[PDB]
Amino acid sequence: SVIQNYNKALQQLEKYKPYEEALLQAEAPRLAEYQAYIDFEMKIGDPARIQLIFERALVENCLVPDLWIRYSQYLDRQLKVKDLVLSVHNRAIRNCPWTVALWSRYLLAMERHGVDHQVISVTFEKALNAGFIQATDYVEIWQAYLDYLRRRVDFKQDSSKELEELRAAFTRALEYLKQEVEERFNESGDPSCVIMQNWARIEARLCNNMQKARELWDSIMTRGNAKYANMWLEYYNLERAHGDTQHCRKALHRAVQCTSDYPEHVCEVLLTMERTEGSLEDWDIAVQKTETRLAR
């Protein structure tokens, strides 16, 4: 009935009275009061109402990047409607462009919802030009675009336009960090060479090209990473899967020399492999080499 609906409507508006008084009694921007209302509405689960309360919060708190992330993450993971989703990712980067995450998030949202490559690759260029305060942010959005460009590749096909495209992008990214980021921050942004690491792992595991991965890892080590044991062991593990023992052997021998932080670990890893598959004189050579390092 007209009245039966009127009441059912009103009845379902009592639960929000505290949340509305909380807002009313509070002064602008009412952050904590909107935060609770968001917390509450999200537990209820009405998509229309959740969209509204986030929208209400933005009329007074669009300046806060985290609110955009909270709103976007909800649409990404729950509503999953391309139209309503991408709109907020567009608005997020328009309000808080300085925030890298927003761009990165926008890119996945676009990929998730199958937006054309021509379109996605253009958004990425806009990100590169937004302007972030620090070098790590430039690396972060490069990691994003390279993971996107990687997911386009069909590594079943030995050679392809997408793989060619992927490699060129890595080369562009690595140059971009050496030219633009170095000149602007007197720093690379990627000290452990994650971008290069990421490439060597693809090149080895998915392109049957250990030789590039070796060339790469020598550059990594050359950029001040030989002192670390974990860096040696990352390379070792890569060779152990997609390479051979001779190279594992020569590497761990060089690692005991170069390792500063944790030589005992490296030594033990060597002694184990020779115990697991090497000759006796190899096991002996190892014992001497490890001892010699541990002597100092």
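From 1 onward, residues are counted along the sequence shown.
In this crystal structure, the stretch out of 224-232 and 66-74 whose C-alpha atoms carry the higher mean B factor is 224-232. Mean CA temperature factor is higher for 154-162 when stretches 154-162 and 194-202 are set side by side in the entry. Across 104, 99, 143, 118, the greatest Cα temperature factor reported in the deposited entry is at 118. Residue 53 sits in the lowest third of its chain by CA B factor, as recorded in the PDB entry. In the deposited entry, the Cα temperature factor of residue 182 places it in the highest third of its chain's modelled residues. For residue 273, the recorded CA temperature factor ranks within the highest third of the chain's modelled residues. Placement of the Cα temperature factor of residue 134 within the chain: middle third of the modelled residues, per the deposited record. The entry lists a Cα temperature factor for residue 85 that places it in the middle third of the chain's modelled residues.
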